[PDB]
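Enquirer: Turn this into a structure:
(chains A, B, C, D, E, F and G)
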Amino acid sequence: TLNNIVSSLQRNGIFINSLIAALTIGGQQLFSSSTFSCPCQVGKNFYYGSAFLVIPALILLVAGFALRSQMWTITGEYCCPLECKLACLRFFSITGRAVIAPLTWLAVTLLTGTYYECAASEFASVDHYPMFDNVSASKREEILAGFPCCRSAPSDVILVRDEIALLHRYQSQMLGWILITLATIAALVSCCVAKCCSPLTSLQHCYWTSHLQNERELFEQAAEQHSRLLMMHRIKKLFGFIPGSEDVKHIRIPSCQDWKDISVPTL
Amino acid sequence: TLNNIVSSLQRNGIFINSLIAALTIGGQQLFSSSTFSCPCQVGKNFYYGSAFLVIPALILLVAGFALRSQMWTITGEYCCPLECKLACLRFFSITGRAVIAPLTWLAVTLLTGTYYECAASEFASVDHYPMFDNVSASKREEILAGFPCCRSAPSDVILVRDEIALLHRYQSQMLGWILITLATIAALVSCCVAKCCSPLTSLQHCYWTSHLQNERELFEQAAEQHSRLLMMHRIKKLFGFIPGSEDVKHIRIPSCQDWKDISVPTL
Amino acid sequence: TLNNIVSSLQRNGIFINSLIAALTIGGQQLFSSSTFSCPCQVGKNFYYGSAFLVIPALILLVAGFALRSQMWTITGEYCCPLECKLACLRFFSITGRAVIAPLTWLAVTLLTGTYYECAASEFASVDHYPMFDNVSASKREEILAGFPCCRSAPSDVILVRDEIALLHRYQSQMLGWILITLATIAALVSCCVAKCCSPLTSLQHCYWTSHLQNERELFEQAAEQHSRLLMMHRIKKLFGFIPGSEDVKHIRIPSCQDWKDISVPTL
Amino acid sequence: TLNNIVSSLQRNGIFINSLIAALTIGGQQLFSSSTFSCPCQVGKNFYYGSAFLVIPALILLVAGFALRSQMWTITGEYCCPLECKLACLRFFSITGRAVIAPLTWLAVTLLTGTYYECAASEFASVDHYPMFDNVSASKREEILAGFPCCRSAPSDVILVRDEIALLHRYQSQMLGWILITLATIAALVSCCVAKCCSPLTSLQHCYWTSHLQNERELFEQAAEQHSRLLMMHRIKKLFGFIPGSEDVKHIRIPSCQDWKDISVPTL
Amino acid sequence: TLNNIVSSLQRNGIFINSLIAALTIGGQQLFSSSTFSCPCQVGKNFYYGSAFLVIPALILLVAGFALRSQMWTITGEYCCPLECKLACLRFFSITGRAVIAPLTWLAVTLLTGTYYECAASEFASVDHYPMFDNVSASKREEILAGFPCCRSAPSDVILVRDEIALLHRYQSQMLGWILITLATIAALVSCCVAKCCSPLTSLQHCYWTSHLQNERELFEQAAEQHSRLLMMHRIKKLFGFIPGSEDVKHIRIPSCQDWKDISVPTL
Amino acid sequence: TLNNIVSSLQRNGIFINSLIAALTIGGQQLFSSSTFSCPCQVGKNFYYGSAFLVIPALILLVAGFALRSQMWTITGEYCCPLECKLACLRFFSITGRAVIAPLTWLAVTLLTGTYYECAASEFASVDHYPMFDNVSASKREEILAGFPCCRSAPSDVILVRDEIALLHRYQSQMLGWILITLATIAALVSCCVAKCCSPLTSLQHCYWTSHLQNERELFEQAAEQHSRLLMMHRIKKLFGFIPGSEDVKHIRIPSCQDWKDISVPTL
Amino acid sequence: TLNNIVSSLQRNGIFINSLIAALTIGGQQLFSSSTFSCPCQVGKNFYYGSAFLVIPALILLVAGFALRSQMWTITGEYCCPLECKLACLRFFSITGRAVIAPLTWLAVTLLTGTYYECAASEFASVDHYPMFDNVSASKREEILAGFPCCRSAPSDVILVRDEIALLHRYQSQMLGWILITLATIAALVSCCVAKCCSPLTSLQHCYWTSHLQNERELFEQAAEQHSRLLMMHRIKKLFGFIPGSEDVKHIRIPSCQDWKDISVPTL
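Expert: Numbers count the residues shown, from 1 in each chain, chains lettered A, B, ... in the order given. Take a look at the structure below.
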C-alpha cells in the first residue's frame, strides 16, 4: 500500500511546495547561524550584506528553473497559433513551481533581518545626535560601520547603537512584508490572467496534463524495452543464444572479426 | 520492494550529486578540524595555505573523472561526422557528474575561510598603522606572519590583528561567492550550448542513453554466461561430467598429459 | 535476498578498497595512540622514527601482494606473444588492488605527523637562536633531542621547542600531500598506459575477466565433487555399500589386507 | 542459511588467523595486567623477565603444532619420490597455520615492552653518571635492579631512572620491529620456495587439498555408519529384533551364556 | 538445528577442555578470595599453605579420573596380545582428558602466588639483615612468620617484609612456569610415544573410536527397549491388556496369588 | 523439544547432584547470615556451636535417604543368593545420591569456620599469656568465653582475642579439608569395592537399571488406567452410560439401594 | 504442553510441601515484623509470648487437617479386618501432608527466637548480680520485665540486659533444634512402622492409591454429566425442545400448573 500513498503525495503539489519551503527555511537558519559575521570595515560592508541577501536568491531560482526536465524540452522547441499559447502555459506552470524557493529565502532572511542591518549599517542618516557633531566625516564613517558586530564604548554610544539597530530591523521587517504582499498579489493576478487567456475549457486542461505526463513516461519505458530487445537480438546473433536464457544447448564461438563488427553501436 | 527503490534512486542523478556534496562537506570539516595549524614561519606560509586550498581540488577532480568507466572507453575510442559530436556529448555528461566535488570543496573551504587567512596572512598592505612605521622590514614580516596562530602581545597589537583577520575573512568569503556564481553561470551556458549543438531531437537522446546503459549491462551478462558455459564444456570433456550435475554415473580419470592440455586458456 | 547483495558488494571494488582504507586508518590510530613514545636519546632517535614510518608500509604491501591467490598462479607461470601482455595486465590489476594499504598508511601517518617529528627531531638547523651559541656541540645534541617528549625548562626554551615542533609538523604535512599527489598522478598515468598497450578491445576484456573468475570457481567445484565420488566408490568397494546410503541390506567385512590396500591415496 | 556462512568462514584461512591473533593479543594484555610485578632482586631479575618473554611462545607454538590432526598422521607416516615432497608440503601448510600465535605474542609483548625492561634492567651500561662513581659494585647492582618497580629516592635518581627506562623501551620496540620484519621476509621467501619446489601444477594442488579433506570426512562418516550397522545386527541376533524398530512382535530371551558371548568386541 | 551444533561441540574436545580450564580458573579465584587467611602461627604455617596448594589437585584429579564411565569398564576388564595395548591406549586417552584440571589449578595458584608465600614464609634464609643479628632464634621465628598477614612495625621492618614477599613471589612464579613447561613437554613426548607404539594405522584408529562410542550408545538403547517390551508383556499377561493401548475391550481381574507371582523380577 | 532436554538432564546425575550442592551452599549462607549469634555464656557455648554444626547434617541426611521412593521398597523387601547382592547394590546407589547434601553442608560450614570458633571458644589452651596468670579460674572462663561476640577491652586483650580467633579458624579449615579428603577417598574405594563384588557384567548392569525404572513407570500407568476403566464400568452399570460419552440416549435412574451398593470400594 | 507439567508437579508431593514451607516462612516473617511488640507489663508478658508461639501452630494444624477432602470421608466412614488398617493408612498419609505447616512455623519462630525472649523474659534466675541484691521483689519484677522492649538505664543495667537476652536466645535456638530433631526421628520411625504394619505388598499400594484418586475424579464427572442430562430431559419435556439445540421448529407453551410441577427437585 506504500507506493499508492507515495504517488498520491508525489502528485500533490501542495505537499511538495511546503516541503521545499521548510527545507529552505531550515537551510537558511543553519547557514546564517554558522558562517555570518559583519565585516565592520569602512566601505566593504554593503557588499557583504547584499551578497548574502541576493546571490542565494539568484542561485536557487536558476536551479529551480533549470532542473525541471520539461523546461529543457520547451526551450528545445523554442531554440534553433495554439502551440505558442500551450508552450506559454507549460512554461508558466513550471515557473509557478520554481518561484517558491527564492521568494521564501528572501522572506525569511528579511524577517529575521540580521542580514539587512549589516547590509545598510552605513547609510543611517545621523543628524540629530550630540556625539556626531564635531567629529570628522571619515571618523564618523569609522564609528558608524563598527556598530553591528561589537560594543565596548560608553553608555551613550551603545544606546545610540541600540537605537540604530532597532530602526534598521524595523525597516527590514517592513520591506519583507511588502515583498510578501506584492509577490502574492502578482502571483494571483498572473494565475488569473493565465486562466483567462487559455484557449482550452475547464476539462480539456486536465486531459492535456495527463496526456503530457503519461506520454513522457510511456515513451521512456517503450524506448528502453525496445533497445533492450534489439541489443539482445544482436547478442544472440553473435554468441548464438539469448542471454536471458537457461540450459542453452548451442554455443557459437565468435570469430576474430565479429568483435570488429559489434564494435559499432548503430546509433 | 527494496531493489525497486534502490534502482530508482540510483538512476536519480539529483540524489547522487547531493550525497557527494554532503560527503565532501563533512570530510572537509573533519579534515580541517583535525590536521590544520598555520606555520607562522617567515616565507613558508603562503605555500602551506595554497596546498590545502588547491591540491584536494585537483585530486578529487581527477578522481571523479578517471573513476567513470565510460570515460576510459571514450578515451580508447580516441586514443591510438556524428560519432565526434556524440563522443563530445558523452564526455560532457560525465564531466557534469564529476565537477560537483572540487567546486563544492573550494566553496566550503572559502566560505569557512580559515584556510585563506593562513594562505595570505603575509600580503596584508600595512601603511596606515602606528606600530609599523619605524620597525624594520624583516621585523615587519616576522611580526606580520605570526598573527593567525597565536596572540600574546599588548592590546593594540591584538586589535590590529583582529582587524587584519576580519579583512581577510571578508575577502575569502567574497571570493567564494564569486566562484560559486561564475561556476553556476558557466555550467548553465555550457549545458545550453551542448543542447544547442546536439544533432538529435528531444526524444532520440533518451533512447540513446537507454541504449548505451542497457548495451553495457547486457553484454557483460552475456559474455560472463558464455565463458562460463565454454569452460564448463571443457571441464566435462576432461573429467567426464558437467560440474553443475548430480548423481553422475560416469567418471573419466585424467591422463598425465590432459593436465598439460588444459593449462592454456585459449584467450 | 542476502546473498545477492553480498555478492554484489563483493564484486564491487570501490567498497572493498574503501573498507581496507578505513581499517588501516583506524588501526594506525589505535597503534600510534597505544605504543608510541619518543626515545629522546642521543643518536637513536632517527631510527625509532623511521621504523614506525616505513616498516608497516613494507609489511602491509608484501601482505597485500602475496595474499592474492592469482599472484601465486602468475608467478608459477613465470617461475621455473599475447600470454606475456595478458600476464602483465593480470599482475597490474592485482597491484592496483594491493597498493591501497601502504599508501594510505603513509598518508595518514604523515598527515598526523606525530611520527615525523620524532623521526627528524635532531636534524633541525639551529643557527639563529641565542641559547645555542656558546653551548658545546654534544650539549646541543643532548638538548635538541630532548624536545619532543617532555618539557621542564624555562620559557625561552619551551618557546623555541614549540617553534621547532611547528616547523617539523609543517614539513611532515607538506611531504604527505606531495606523496598523495604523486601517487595519484602515477596511478592515473599507469592505468592509462595499461589501457593503451592492451591488445584487447573494450568488450573482450570484460569477457576475459569473467572467463578467469568463473573458470577458477567451476574447476574447484568440479575437482571437489569428482574426488568425492571416487573416494566414495573406493569406500563402497571396500565395505560393500555407498556411505551416503540408507537401509543397506549387504555388508562386506574387510580382510586383514584390505586395510593395507586402502592405505595408499593414489595421488 | 546459517551453516552456509559458517562453513564459508571456516574454510577461509584469513578469518581464522585473524581471530587467533586477536585472541592472543587480548589474552596477553589481560595476563600482563593481572599477574606481573618485577622482582627487583639482585640477580634473579633477568630470569623473571625471560620466562614471561619466551615460555609462552614455546607453549603456544607446541600447542598450535600438536593440536592439528593432520600432523599426527604425517608423523605416523614418518615414524616407525613424490610422497616425500607431498608430505613436506602438507607439513609446511600446517606450520603456516601454527606459527601465527607465538610470533604475535612476541610481537605484542615486545611492542608494549613492559616485559623487556624487567628482563634487562640490570645490564644497563652506566659509565657517564655522577652518582655511580664512588659507590661500590654490589651497591650499584642493588640500586640498579630496584629501578623498574618503585621510586622513593631524590630527584636526580628518579631522573636517571626515567632515562634508563626510556632507553630500554626504545631497545625493546626496535627489537620487536626487527622480529616482525624478519619473520615476514622469511615467511614470504619460504612460501615462494615451497611453491617453486612443488611438483604439481596450479590446478592439481587445489584438487589435491579437496581430495585430502573430503577423504578424511567421508571415511569418518562411513566407518561410523558401518560399525553402527554391525553392532545393530549383533544386537538383533542376541535379543531378536533391530533396536531402531517399533511394534516388534517377537522377543528372544537371552541365555546365561549369550552375555558371555557378546562380551568380546571383535575389534 | 540446535542439537546439531550441540553434538558438534560435544564431540569437539578442544571446547570441552577449554571450558574445564576456565571453570577451574574462576572457581580458584573465588575460593582464594573468599576463604583464605594466613595463620601467622609459629610452626603451623607451612601445612596451611601446602594444603591449599596440593589437596585440591589430588581431589580434582581423582574426580576427573573416576567420573569417566569408560575407566570403570577398563578396570573391570583388568580387575578380578592386542587387547593389552588397546586398553593402554583407551586409558591414555581418558588420562589426557582428565589431567587438564589439576595442572591448570596448580598453574593458576602458583602464578597468582598468594598461596606459596604463606606456604614458605618461614623458610626465608635471613643472614644479611641488621635486625636479625642479636634477637633470639624463637623470637626470629615469631617475627618471621608474622610477615604475610599484617604490618604494624617501624619502617625498616616493613621494608624487609616487602623484600621477602617479592622474593617469594618471584620464586612462586618461576616454579609455576617450570611446572607448565615440564607438563607440556611430558604430554607431547607421551602422546608421540603412544602414537608410536600403536599397532593400528592412521585409519583403523578413527574407525575404532567410532566403534566404541556407537557400541555403547546402541547397546544402551536396545537393552532399554527390550526390557520395556518384556515388562509390558508381563503386565499384559497379568491385567489382560497392553498398557500403551487405548479403548481396550477386555480386562482380567488379578487373583490373590498373581500379585505373589509378579513380585519377583526374573533379574 | 523442551521435554527432550528436560528428561535428558533429569537422567543426568551430575547436574542433579551439582544443583543439590549449590542449593545447600546458598541455604547455609543465608541461614548463617540471618540467625546466628554466639551466646558468650559460661558453659552453654559448646552446645550452641555443636548444634548448628551437626544437627543439620543429620536432618538433611535422613531426609535425603527417606525421600527416595526405592529405599522404602527395598526396606519392605527387607522388613517383616543374588537377591541380597542386588539389594545391596540398589541401596548403595541410593546412598551415593543421598550423601551429597550433609557432606557439602559440613564442608561449607567448616570452611567458612564461623561456627567452629563459637563451638570451641572455651577450650583454648592459655598458658603463655601475661593477663591469664593471676586471674581466677572462673574469671578466666568468663573472660575467655566472651571473645567471639564483642570487644570493648584494652589493646592487649583484643590482640590476644584476634590471635585465638585466627588459631581457631585455622583449625576449622584444616578439619574441613581433612573431612573432604577422607570422604572422597572413602567414596572412591567404596564404589570400586561395589563394582568388584558385583555379580553382573559391564552390560547386564545397564539393562538392569533400565529394567527397574521402566518397570516402575509402566506398572504405575497400567494400574491407573485399569482402575479407571473398572470404575467407569461400575458407573455405567449404575447410571446407565459411560461417563466419557456424549449424546447418550439412555438414562437409568438409580434406586434407593444402588447408592448402598456402590458405597463399598471392592479394594 | 502446559497442563502436562502442571499435573506432573501437582502429583509431586515434594514440590507442594516445599511451597507450603516457604509460604509459612515468609508469612511468619512478615507477621512478626509488622505486629509484634513486647508488653513489658508485670505479669502479662508470658501469655503474650505463648500466644504467638502456640496459637498459630494449632490454627494451621487444624486447617491443614480439616481442609483435606478425604479426611471428611474417612470420618464419615468412622462417625455415626482390612478396612480398619486401610483407613489408618489413609489417615496417616493425610497427616503426613498436614503436619508440615505447624512444625515449620514453630521451627522458624524458635530459630529467630524473638518470640521466646518475650515469652520468658520474667523467669530469668537472677542470683549472682550486684544490682538485684537489696532491691525489693516487686521492684525486681518491674525492672526485669522491662528488659526486652526498651533501654534507657546506665551502662551496667544495659549490659546485664544484653547478657540475659543472649542467654534466652541461646535457649530458644537449642529448643528449636531439639524440636526439629525429635520431629524428624518421630516422623521416620512412624513412617517405617506404618510400612511395617501394612497388609499390602510393594505393588498393591500404588494400585490402591491410583484406584482411590481416579475413583473420586471419575465419579464426580459422571454424576455431573448424568444430572445434567436428566435436568435437560425435564426441560425438554416442559418447554418442548432440548436447550442445547438450534433451529428448533417446535415450541410448547407451558401451562399455569407446569411451573408448579417443575418446582420440586426430585432430590
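
Enquirer: what sits against the nearest residue to residue A:87 once chain neighbours are set aside?
Expert: Closest residue to residue A:87 apart from its sequence neighbours, by C-beta to C-beta, 6 or more residues apart in numbering or on different chains: residue A:74 at 5.7 Å. Every residue, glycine included, has its C-beta placed from N, CA and C. Residue A:74 makes contacts with A:87, A:90, A:91, A:94, as judged by C-beta atoms under 8 Å, 6 or more residues apart in numbering or on different chains.

Enquirer: helix or strand for the closest residue to the second one other than its chain neighbours, which one?
Expert: In this case it means residue A:90. Nearest residue to residue A:90 in three dimensions, chain neighbours excluded: residue A:74, at 5.7 Å (C-beta to C-beta, 6+ apart). Following DSSP states H and E, one finds residue A:74 within helix A:69-78.

Enquirer: Quick one: name whatever helix or strand follows that helix.
Expert: Following helix A:69-78 in sequence, per DSSP H and E, is helix A:82-98.

Enquirer: any idea of the angle that next one forms with helix A:69-78?
Expert: Interaxial angle of helix A:82-98 relative to helix A:69-78 (axes from the mean of the first three to the mean of the last three C-alpha atoms, to 10 degrees): 150 degrees.

Enquirer: which residues are contacting helix A:82-98?
Expert: Contacts of helix A:82-98 (C-beta under 8 Å, 6+ apart): A:13, A:16-17, A:61, A:64-65, A:68, A:70-71, A:74, A:77-78, A:187, A:190-191, A:194, A:197-199, A:208, A:212.

Enquirer: any idea how far residue A:148 is from the closest residue to residue A:144 other than its chain neighbours?
Expert: Closest residue to residue A:144 apart from its sequence neighbours, by C-beta to C-beta, 6+ apart: residue A:122 at 5.9 Å. With distances taken as C-beta to C-beta, to the nearest Å, residue A:122 is found 10 Å from residue A:148.

Enquirer: Those two - which one has more neighbours?
Expert: residue A:148 (21 against 16; other C-beta atoms under 10 Å in any protein chain shown).

Enquirer: Remind me which helix or strand that one belongs to.
Expert: Residue A:148 belongs to no helix or strand, assigned by DSSP H and E.

Enquirer: quick one: contacts for the spatially closest residue to it that is not a sequence neighbour?
Expert: Using C-beta to C-beta, 6+ apart and skipping the chain neighbours, the partner closest in space to residue A:148 is residue A:38 (4.4 Å). By C-beta under 8 Å, 6+ apart, the contact list for residue A:38 reads A:45, A:48, A:118, A:121, A:148, A:149.

Enquirer: Now do the contacts for the third one.
Expert: Applying C-beta under 8 Å, 6+ apart, one finds that residue A:118 lies in contact with A:38, A:39, A:45, A:48, A:49, A:148.

Enquirer: same question, the second one
Expert: Shown in contact with residue A:48 (C-beta under 8 Å, 6+ apart): A:38, A:39, A:118, A:119, B:170, B:173, B:174.

Enquirer: change it to 10 Å
Expert: A:36-41, A:115, A:118-119, B:169-170, B:173-174, B:177 (C-beta atoms under 10 Å, 6 or more residues apart in numbering or on different chains).

Enquirer: Could you check how far residue A:105 is from residue A:182?
Expert: Taking C-beta to C-beta, one finds residue A:105 at 16 Å from residue A:182.

Enquirer: can you list residues touching both of residue A:122 and residue A:148?
Expert: A:45, A:49.

Enquirer: Tell me the buried residues in the helix holding residue A:74?
Expert: By neighbour count on 16 or more other C-beta atoms under 10 Å in any protein chain shown, the buried set for helix A:69-78 is A:71, A:72, A:73, A:74, A:75.

Enquirer: quick one: the residue nearest to residue A:90 and residue A:60, what's the gap?
Expert: Distance, residue A:74 to residue A:60, using C-beta to C-beta: 21 Å.

Enquirer: Quick one: the contacts of residue A:118 as JSON lines, columns for secondary structure too.
Expert: Output for the contacts of residue A:118, formatted as JSON lines (DSSP: H, G, I helix; E, B strand; the rest coil):
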{"residue": "A:38", "secondary structure": "coil"}
{"residue": "A:39", "secondary structure": "coil"}
{"residue": "A:45", "secondary structure": "coil"}
{"residue": "A:48", "secondary structure": "helix"}
{"residue": "A:49", "secondary structure": "helix"}
{"residue": "A:148", "secondary structure": "coil"}
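
Enquirer: Can you add distance to residue A:257 and give those residues back as TSV?
Expert: Formatted as TSV, the contacts of residue A:118 follow (distance: C-beta to C-beta, whole Å):
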residue	distance to residue A:257
A:38	73
A:39	70
A:45	73
A:48	67
A:49	69
A:148	76
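
Enquirer: For these, work out which two are farthest apart.
Expert: For the contacts of residue A:118, the farthest-apart pair by C-beta to C-beta is A:48 and A:148; their separation is 10.6 Å.

Enquirer: Now the common contact residues for those two.
Expert: What both residue A:48 and residue A:148 touch, as defined by C-beta under 10 Å, 6+ apart, is the set A:37, A:38, A:39, A:40, A:118, A:119.

Enquirer: so what's the residue lying closest to the fourth one once chain neighbours are set aside up against?
Expert: Setting aside the residues directly before and after it, residue A:40 is nearest to residue A:149 in space (C-beta to C-beta, 6+ apart), at 4.5 Å. Residue A:149 makes contact with A:37, A:38, A:39, A:40, A:45, A:118, A:121, B:166 under the criterion C-beta under 10 Å, 6+ apart.

Enquirer: measure the residue nearest to residue A:148 to residue B:109 for me?
Expert: Where residue B:109 is concerned, residue A:38 sits at a distance of 22 Å (C-beta to C-beta).

Enquirer: do the same with residue A:117
Expert: Taking C-beta to C-beta, one finds residue A:117 at 28 Å from residue B:109.

Enquirer: which of these two has more neighbours?
Expert: Just comparing residue A:117 and residue B:109: by other C-beta under 10 Å the higher neighbour count belongs to residue B:109, 24 against 21.

Enquirer: what's near enough to touch that one?
Expert: B:25, B:28-29, B:31-32, B:52-54, B:56-57, B:115-116, B:172, B:176.

Enquirer: Name the nearest of those relative to residue A:255.
Expert: residue B:57 (47.9 Å).

Enquirer: what's the burial count for residue A:120?
Expert: Neighbourhood size, residue A:120 [other C-beta under 10 Å]: 15.

Enquirer: quick one: what helix or strand has residue A:156 in it?
Expert: helix A:155-196.

Enquirer: what's the distance between whatever residue of the stretch 1-150 of chain A ends up closest to chain E and residue A:9?
Expert: Nearest residue of the stretch 1-150 of chain A to chain E, counting by C-beta to the nearest C-beta: residue A:2, 33.8 Å away. Distance of residue A:2 to residue A:9, computed by C-beta to C-beta: 11 Å.

Enquirer: and these two? which has more neighbours close in?
Expert: Shown here are residue A:2 and residue A:9; by other C-beta under 10 Å, residue A:9 has more neighbours (12 against 8).

Enquirer: Verify the stated contact: the residue nearest to residue A:144 with residue A:145.
Expert: Yes. Residue A:122 lies in contact with residue A:145 (C-beta atoms under 10 Å); the separation is 5.2 Å.

Enquirer: so what sits against both of these two?
Expert: A:41, A:42, A:43, A:45, A:46.

Enquirer: Tell me which of those fall in strands.
Expert: Per DSSP state E, strands hold no members of these.

Enquirer: Now restrict these to buried residues only.
Expert: A:41, A:45, A:46.

Enquirer: Export those residues as a markdown table, with columns for distance to chain B.
Expert: Output for those, formatted as a markdown table (distance: C-beta to the nearest C-beta, whole Å):
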| residue | distance to chain B |
| --- | --- |
| A:41 | 6 |
| A:45 | 9 |
| A:46 | 12 |
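
Enquirer: Pick out whichever of these sits closest to residue A:235.
Expert: The closest of those, once distances to residue A:235 are taken by C-beta to C-beta, is residue A:46, at 65.3 Å.
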